[PDB]
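Participant: Okay, here's the structure, questions in a sec.
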There are 10 protein chains.
Amino acid sequence: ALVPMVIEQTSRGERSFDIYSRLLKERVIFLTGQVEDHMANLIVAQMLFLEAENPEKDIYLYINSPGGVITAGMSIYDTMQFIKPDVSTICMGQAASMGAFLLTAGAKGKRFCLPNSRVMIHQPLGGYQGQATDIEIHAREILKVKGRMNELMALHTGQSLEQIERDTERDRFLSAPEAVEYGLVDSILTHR
Amino acid sequence: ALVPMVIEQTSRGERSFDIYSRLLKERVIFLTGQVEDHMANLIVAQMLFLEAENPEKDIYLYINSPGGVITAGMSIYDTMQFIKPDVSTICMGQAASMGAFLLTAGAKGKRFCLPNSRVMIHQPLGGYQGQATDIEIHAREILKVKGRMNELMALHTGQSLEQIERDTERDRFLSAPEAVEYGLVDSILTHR
Amino acid sequence: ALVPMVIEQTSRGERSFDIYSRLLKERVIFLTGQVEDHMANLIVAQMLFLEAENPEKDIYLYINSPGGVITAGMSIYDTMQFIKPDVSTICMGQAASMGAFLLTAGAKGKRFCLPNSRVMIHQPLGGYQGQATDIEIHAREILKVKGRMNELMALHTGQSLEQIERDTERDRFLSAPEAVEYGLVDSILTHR
Amino acid sequence: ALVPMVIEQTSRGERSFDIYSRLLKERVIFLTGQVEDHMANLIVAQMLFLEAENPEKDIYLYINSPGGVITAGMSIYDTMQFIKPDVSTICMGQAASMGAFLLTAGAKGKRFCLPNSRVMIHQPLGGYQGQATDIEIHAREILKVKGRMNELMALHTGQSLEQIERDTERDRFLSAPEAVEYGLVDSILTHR
Amino acid sequence: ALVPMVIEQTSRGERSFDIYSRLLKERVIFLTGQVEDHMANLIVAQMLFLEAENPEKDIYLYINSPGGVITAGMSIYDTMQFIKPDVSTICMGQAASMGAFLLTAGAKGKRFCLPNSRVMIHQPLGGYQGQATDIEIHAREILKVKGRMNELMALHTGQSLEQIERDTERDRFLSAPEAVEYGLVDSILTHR
Amino acid sequence: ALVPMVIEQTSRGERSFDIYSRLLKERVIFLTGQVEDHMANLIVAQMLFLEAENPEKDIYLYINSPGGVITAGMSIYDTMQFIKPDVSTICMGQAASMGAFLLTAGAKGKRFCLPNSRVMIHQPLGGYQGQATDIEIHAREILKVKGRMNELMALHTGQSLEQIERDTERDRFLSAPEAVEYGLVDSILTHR
Amino acid sequence: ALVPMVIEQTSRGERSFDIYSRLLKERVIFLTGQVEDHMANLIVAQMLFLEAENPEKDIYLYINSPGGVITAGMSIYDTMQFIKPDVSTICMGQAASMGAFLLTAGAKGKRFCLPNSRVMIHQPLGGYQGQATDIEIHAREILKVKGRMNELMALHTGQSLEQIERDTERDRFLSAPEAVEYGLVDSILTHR
Amino acid sequence: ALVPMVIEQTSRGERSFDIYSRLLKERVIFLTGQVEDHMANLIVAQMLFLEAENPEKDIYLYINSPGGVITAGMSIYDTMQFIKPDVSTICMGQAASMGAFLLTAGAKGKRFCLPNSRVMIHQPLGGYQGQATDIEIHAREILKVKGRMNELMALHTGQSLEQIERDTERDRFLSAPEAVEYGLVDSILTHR
Amino acid sequence: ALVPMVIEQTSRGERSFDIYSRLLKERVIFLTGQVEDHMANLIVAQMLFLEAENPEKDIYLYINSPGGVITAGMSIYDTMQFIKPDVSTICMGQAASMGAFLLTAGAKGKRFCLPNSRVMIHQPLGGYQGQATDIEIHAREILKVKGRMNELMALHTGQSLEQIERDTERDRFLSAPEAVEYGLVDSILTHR
Amino acid sequence: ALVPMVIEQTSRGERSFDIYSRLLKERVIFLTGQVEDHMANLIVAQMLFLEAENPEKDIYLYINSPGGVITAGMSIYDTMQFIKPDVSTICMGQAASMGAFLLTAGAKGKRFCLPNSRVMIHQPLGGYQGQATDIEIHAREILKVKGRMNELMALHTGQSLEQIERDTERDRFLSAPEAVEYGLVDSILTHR
């Protein structure tokens, strides 16, 4: 009973679904915790599934995540951009790092954060040990990602690239009103 | 059988439900143990689920918790202030730290506490290792959270901000009657 | 197969149930092992559930427990006092520490234990590391709890407070007949 | 697949039951491995359940156990004496220590032991760390328990108390025929 | 509830399938995380299952994988070539090492990567401790595998063998458009 | 030099002794850290050595010790009470448990304590695991030791035995002035 | 060797003393690292040794220490007040906590810190696990120590007691010039 | 020979010293490995010892160190400025962080660096866990240290303060010729 | 007795030394194990010591080493080039990485290698974890070291720079005759 | 007293040496335990030392060793062939692997083995983890060593090379008489 069951009436009413499944039916997906490969493969399966169910309706993605693996986050990032319905991203708790990256990637005009949430952005982390030759290859690889991460942030936020580049050198924390002013999100949901 | 099943008669009367699901059906949610992200996400899912089922009825949140991660707790904090129905919080066992924070956040007039329960409040904890430049950023980040947390306590309790500021400097323990006098809760439930 | 299934024929069928759920239907709740938050949280859910099923019938709480967390135990303690039906507590095996505390808290005249059980009572344990100022705060709080527990023992047993004060300074073991004389229980069950 | 399912025809259909439940249905309870609180708690639940189904029919307890916690074992011991139907105990494999204790506690004339099973008896073990004053308290309690166990052995076996006192000083192993002569069991089952 | 359930209507409408099974039904298989034997064993089973279901309907293989065991991966590789329907491989997130190897092994004209995927290729890793005679055996064994992998990459990508050998000497990262030019994939998916 | 060397002029002046040996010549012995067997064996050796050098001259024992094992402590205790010259004990830092006991054991009129030094007394600790029979034996011995330790405290401090028994029930801390009026020491040293 | 030997000319010149012993010969006692019992024994032994060599001449104590055990530090604290020679104290690197306490305890007018030395002061830390009765005792003792420590710094620094209590509430860092104004030290050494 | 013995001729020639001690006589001190309290205390002792031997003659400090504790390095830093003879620092191997700071602290005109030696500079590292109030205290202190450290390098290198701040935000590696141009060192030693 | 003592006669004949010190007298330095900071610091001290003893006479360095940390080895490297007397390096056992580098750094014409000794050369290893900006700084530095190391071997071996870069790409093993042809050493020693 | 001292007379006779140093004086070197680099260098130092003492007189190497690192052992192998005096080798206990290799390397006619000793010969062990390309390099590297070791034993034993290769594929154990016939040693020592 870690995850409670809920009952929903239909016709017969013979429906019992874990609360997570019940909300998926309402087109709500939760992205929480570290972004990794197995988790960011379920978010994708759910988005593809909802797109097919009704291509014309919004998908609500709740984000509460400290960050994670860029690669894993990119499969989510690309799926959101690829599919037809708008994905509306809602920040609760925190959206940090890769989490912030996905938050701003939601549909324009539909990106929003609950008022006491926190969004944090910062250049990607990584590392590599080996021969100087391999170090160069891997260093080049992370810088290309950093550059790519910066272009996409500028695209989605409206900040110039030069500005977005400066602002991510060191962890930058933004309060919900700051995320709005900056352009990571469009608004703050306050009351329903 | 860690969690027993209960049987409820309806029209057909065939449904059995983990006792926790049986209580979710009555709009009762239990918050126990440490506040973390996965737990909080589940509580938020339950609140969104109940809001959808019937926006006009109160949700009862039973709290028995030592505290936890602020960020995670804030996702509960904001959901409670977002969803349409009032959330009535009840403190049993303990409501410490973030647990107390959420307890006072319940709907005004509906914040209750059982008579032998304890409520404890205290400024946020945290920490960080890194370069002096990063230390400053993170230190600034925790102080803003503290300040924001102080503002919300004053809002929900009716205490002046200066008074909240002083009272959370060090752990402060309040007995149920003290929680009432202080304004963390509205009243004590005693006997049915 | 850790918990065997049982079946019962009622109206139209068998309804198998984990033996633990079969007994919940008879208004029997077991409290065993350490008293902690998750366990306690579940017992409270069971008591609230039974209270609703039939507010006019007794709930039997079987106790076989070495003790546990006071806070968690108080959650149970207050629910038993709050809910309308009497809770009849039965001690089997042992009721030590917080377990003994809950045993005596049952409805008067309905508190009983099996002949070879043991009941053990003692003042609360705890501790703290930190600055002398915090030590002072935490020490003061545990003493308030000790005082609070001492009053509740005296209330439920009929002993004077000073007598409880003396008796719990060091672990005190009571055989079932001594628990009866002391006033922790009303009687000893022997044979049906 | 650790535990197989078995299918038995009843009346209007047939039912698939975990083999362990299939045997509970025949009033057979298996006590194996160490005696502890959770397992003991489950055996007690099973005995109460069987007592209610048919108070006039014997319950068979199969014992194959190295021993365990006395307190937990006493809750089993007391339930066996309390409930109306005879509890017939059968020793297979081994009944050592507390297991032996429960074996002899079965209904007189119905305590059986398989031919190659071994029964072992010995005074209780325990220990304690602390101040000399606390040591003194705990030492007395274990001695009272020892005395109490000695009294019950003598009662159930027919041995004088002095003889039990001597025979449990150190581990004493008995072969099935020795258990019969000693009075731990009434007879040996051989072939059907 | 780690993996949500989805409900689909049919005739009667009684279909509740784990979301990954719901996708298997649409001819979609997900390869994520490390390539190992149990994973590979399951993918092969799924492909054979789909091949039989309808031998003339593409199978979509979603790849998000850092690499893994070559031996295990070759069972996927061989099954994909053996079975009649085309397997269309889609790279999301990443396809590194063995993952890249399988990505390029999809049906010609049907291999593609989402815009931000990374594909990484590199010669086989391995090792072995033992006597110089055994080292010699195992070293030859890994070199043959390297040679074999090099031939298959050249076959599928259209690169000459000499070129493909030079390019895998050290880890080589390719961006989605680079993978297209190189020939690891045929195209990039963009938007619905 | 973990331990510095010092030099002194005698006849020819070729005397270079570890500072600890230099002080041994002044009939100064340090007892610090916990009292176990090896440190006790060395103090005893030093005392026997000094007694032989000049039976008519006092030995100074500096105590700074949190405790000990008693048995080791008794070899020191008995040596001090055997050797002819007075052993004058000085408490610096702390004398607790075994340290306090030996401090009071110094020659009457010569037990000194530095002014910010702290002295602590408490009944002996111990413990034992085994059969109830052995538990009794070991409990019996610790109690005899406690009693023996209580008699010696009363003998050396001038307190009645009953008063000593009450005061060692729980850790009792004494400031240097308290030790003086209590009788653990005769006086406080101030300045040369 | 890890500590250099130095040669000094005297009469014959046949003196090769470890450099730390060479400095002890100049009445320099180097105190460093954390203060504990064993390191206190050496500081004290050295202090007694130098006092004997020339009761009229100053002893220089170099302090570079993060803190330590209050008790051990007090044996040093008292030795310095008892012995006749003034003890001059020099803070280099840092004097924190117990280290700061000892720094200020040097002879008035002879307490000083090198220019970039840091001094830190704060109320004592400690803790205790046990029964509420014992917790109270131990809490009572740490508070007495705190009070005693507050009085001694007020004595040595010239600050009012009320001011010391306010300042040591939380860690207070002082730059070397701040230590001078505060009164922890008398001056800053600059150049020879 | 962890450290070989060397022989010098003098008067009699009866001098044998661990090479480390031999070089100390030539006024050569080595600083290697990380800077900590014990190694700092030993260097300071050597500097004080050499200053006394001949206040007018230079001391050579060989640095090969990756960094270390600032506080400890400051004990060295201040001794070098306090004592009368110039301390000439020579960088070999590497000098980084605290090592780099100290080599620049050598006497002007005497700061040398071997040609393949590397020098690295960066802002101070640190961290802290605790209450937001304490985090604030500690964060301010590290920033003060950073500020103080930047002033001292600007003083010793001749760079403006703003330039030093710009250059230490992130690690800066300097080759020996770069250290000379920057001003960390005066010149490069080449060949005898 | 890990290291034997040997004796030798000079004047009175009273000379006994650790065999390792006996060898410094013959101007033999033994550099073994991995080159780290402490062993490098000691070799440098020995070279400086021998240079002072007789600036005109050769120093023999026996190399038997699997590698090192480079920085430490560069301090050895620079000392060898700085001091006036030729350093003749002899390779026995192995000279890998830093060992090989130092082997080529010996005085031209005096670099010898025993016939069954092996020499191994490779590009430097290293690595970093952290932000992409820091990865870039550290990657840039290891490549500069690689480049610097390549230049120095070309200088000492006579190989073109382009050839050194090709050869050190991957571990290159050379037998003693190969080292001679390549130019790492000048000749192979055979028999006295 | 791990290693005893022995006394010997000369002229003055004031000579006391660690028994192992006493044995170098008789030109005896022991080689025991695993061959690694630190002991190998110590053996080499001893051999060079004895060669210098008397180039015309034999050195006795006692071998009792399970084997070791080939590289380290080859530095002994070469020193033995390089230095002028014959090195006689005696096998006691065992000479396995590298130990056997060195045993046979002794001067012809002077390779002796005690009668109950065992000699074991076998091909080199080793291994490597990495890219197939590096595996190939390291595999070739070990085979060259295998070939090289095989040639040297054929040289020293008189066996054909083909025979040595066959006999070292698997561990080959020889008794002392077998070692003599095989040619690993020249003879067996029996009694003085």
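Numbering starts fresh at 1 for the residues of each chain in the structure tokens, the chains themselves are lettered A, B, ... in the order given, and ligands are numbered from 1 as they appear.
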Could you give me, as CSV, every chain H residue with an atom at most 9 Å from chain I, plus its closest atom pair and distance in Å to one decimal, counting only C-alpha atoms, rows ordered by chain then number?

Facilitator:
residue,atom,partner,partner_atom,distance
H:1,CA,I:20,CA,5.8
H:2,CA,I:20,CA,8.8
H:3,CA,I:42,CA,7.4
H:4,CA,I:21,CA,4.9
H:5,CA,I:21,CA,5.3
H:6,CA,I:21,CA,6.8
H:7,CA,I:25,CA,8.7
H:19,CA,I:45,CA,7.1
H:20,CA,I:45,CA,7.5
H:22,CA,I:49,CA,8.5
H:23,CA,I:49,CA,7.8
H:30,CA,I:41,CA,8.0
H:32,CA,I:37,CA,7.0
H:33,CA,I:37,CA,6.3
H:64,CA,I:37,CA,7.5
H:65,CA,I:37,CA,8.2
H:91,CA,I:75,CA,8.9
H:92,CA,I:75,CA,5.1
H:93,CA,I:75,CA,4.3
H:94,CA,I:71,CA,6.3
H:114,CA,I:78,CA,6.6
H:115,CA,I:78,CA,7.2
H:116,CA,I:74,CA,6.6
H:117,CA,I:74,CA,6.9
H:118,CA,I:71,CA,8.0
H:170,CA,I:134,CA,7.3
H:171,CA,I:137,CA,7.3
H:172,CA,I:137,CA,7.8
H:173,CA,I:141,CA,7.2
H:189,CA,I:82,CA,7.8
H:190,CA,I:82,CA,6.0
H:191,CA,I:82,CA,4.2
H:192,CA,I:82,CA,5.6

Participant: From the DSSP assignment of the backbone, select every residue of region 41-112 of chain D that is strand (DSSP E or B), and format the answer as a ChimeraX atom specification.

Facilitator: /D:59-65,68,87-96,112

Participant: What's the separation between CA of residue 112 (chain J) and CA of residue 180 (chain J), in Å to one decimal place?

Facilitator: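 So the two atoms, CA of residue 112 (chain J) and CA of residue 180 (chain J), lie 8.6 Å apart.
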
Participant: Which neighbours of residue 150 (chain B) fall inside 8 Å, counting only C-alpha atoms, when residues of the same chain fewer than 2 positions from it are skipped, and could you give them as a PyMOL selection string?

Facilitator: chain B and resi 146-148+152-154+161+164-165

Participant: List as a count of residues only the protein and nucleic acid residues near residue 125 (chain I), meaning an atom at most 6 Å away when only C-alpha atoms are counted, but skip any in the same chain fewer than 4 places from it.

Facilitator: 3

Participant: Please identify which residues in region 5-83 of chain G DSSP calls helix (DSSP H, G or I) from the backbone, and express them as a count of residues only.

Facilitator: 36

Participant: Would you mind reading off the distance between CA of residue 186 (chain J) and CA of residue 109 (chain J), one decimal, in Å?

Facilitator: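 According to the coordinates, CA of residue 186 (chain J) and CA of residue 109 (chain J) are separated by 5.7 Å.
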